[PDB]
Amino acid sequence: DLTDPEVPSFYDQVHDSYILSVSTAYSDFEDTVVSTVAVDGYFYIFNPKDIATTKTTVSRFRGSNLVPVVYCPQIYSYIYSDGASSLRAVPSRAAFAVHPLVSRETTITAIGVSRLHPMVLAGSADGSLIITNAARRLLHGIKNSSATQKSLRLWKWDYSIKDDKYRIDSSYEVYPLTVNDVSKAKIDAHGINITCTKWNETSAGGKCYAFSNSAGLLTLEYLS
DNA sequence: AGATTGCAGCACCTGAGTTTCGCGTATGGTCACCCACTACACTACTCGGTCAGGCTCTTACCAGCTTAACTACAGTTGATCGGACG
């Protein structure tokens, strides 16, 4: 309680080890459920009214030391990296309904989403930044999912061990949804991994986004 | 409002990511056999000293003599010896 910070309202065990990310799935029609992932790999959704009577599991991942999880409030779905190399959506009231959104050759390290639109931004540690419409997956039929949903690479960082440049590539690439795909882990230059990515969420700024690599090359674009 | 057509819902054959598995190939581990080296106590044949046997050589003769030297009697002079000195 930010007004009474001396003692917590509750202190209950929910994971075996380090809890990496916690996220709130707010709604005008359902309880404020909370999701959590940890180095033990479990993804749990629960209601803070009573954890013990409500705790539910979405998945167990391989133990991974950075797992981005965010809430897409336009479609009431959590958006998460599987700790390896796929982006997936899970509705807060149907945990079994896991839909994979995109596959990448290197781990998804940062994810961003906004309160005004369903556009999800995901950055992989290969320096690739991808955009995809999560609502097109969530609000439509299962049958033609392998062809009706696609993604676009907005930018790619690259680096040369001998030339020492950072080499931002503006060229757009379309990646279709490989549903049955393998997890992958291609190692890449230390500075070119994407450390954060977020859209501005005001109406005036709503087409603007910001992203960063780990060397320091913060980058912003207005999508017009 | 019918002839032309799409959506998409049903069912069944199928495909890969993922898993469990069998074997190769090769490696450390069990343990059984029989070998090498060592050694305390022993086996046994020969060599060696001692003794007898008995065959063997070589001596030197009896008294006398007659060829050969000693072996006692015998006289002035040494120089250790006692026993006392320095």
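Laboratory data are not the source of any read-out in this text; all were calculated from the coordinates shown. Cβ sites come from the backbone with ideal geometry, for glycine too, and all protein chains shown count toward neighbours.
Observations
- Length-normalised contact order of region A:109-224 in % [C-alpha pairs under 8 Å, at least 6 apart]: 26
- Subset of A:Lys143/A:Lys184; A:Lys150/A:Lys184; A:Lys162/A:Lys207; A:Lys150/A:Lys186; A:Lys49/A:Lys184 violating a 29 Å alpha-carbon distance limit: A:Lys162/A:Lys207; A:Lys49/A:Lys184
- Anisotropy class of region A:98-147 from Cα gyration tensor, a/c 1.5 cut: oblate
- The calculated 222 nm mean residue ellipticity attributable to helices in chain A amounts to -1000 deg cm²/dmol, summing -39500 (n - 2.57) over DSSP H runs of n ≥ 4 and dividing by all residues.
- Three-way shape label, region A:177-224, alpha-carbon gyration tensor, a/c 1.5: oblate
- Under the shape rule built on the C-alpha gyration tensor, where the axes satisfy a ≥ b ≥ c, region A:57-151 is rounded, since a/c falls short of 1.5.
- Ascending count of other beta-carbon atoms within 10 Å, so fewest first, for A:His190, A:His15: A:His190, A:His15
- Loop sites in region A:142-173: chymotrypsin sites (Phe, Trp or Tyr not before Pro), DSSP, at most 16 other Cβ within 10 Å: A:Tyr172
- Relative contact order of chain A, defined on C-alpha pairs under 8 angstrom at six or more residues apart (%): 13
- Per-residue Cβ neighbour counts within 10 Å put A:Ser114, A:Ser128 in the sequence A:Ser114, A:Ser128, beginning with the fewest.
- Applying 1/(1 + (r/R0)^6) with r as the Cβ-Cβ distance of A:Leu152 and A:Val22 and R0 = 25 angstrom yields a FRET efficiency of 0.25.
- Rounded FRET efficiency, nearest 0.05, which uses the C-beta distance separating A:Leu220 from A:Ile168 and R0 of 22 Å: 0.95
- Top positive-direction residue, dipole computed over region A:84-147 with Cβ charges, set A:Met119, A:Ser85, A:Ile108: A:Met119
- P(r) tail fraction, chain A - alpha-carbon pairs more than 27 Å apart, %: 36
- Eligible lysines near A:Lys165 by straight Cα distance, threshold 17 Å, same-chain separation 8 or greater: A:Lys156
- What the pair-distance distribution of region A:2-41 shows, using all Cα-Cα distances binned every 5 Å from zero, is 6, 18, 17, 20, 25, 12, 3 percent.
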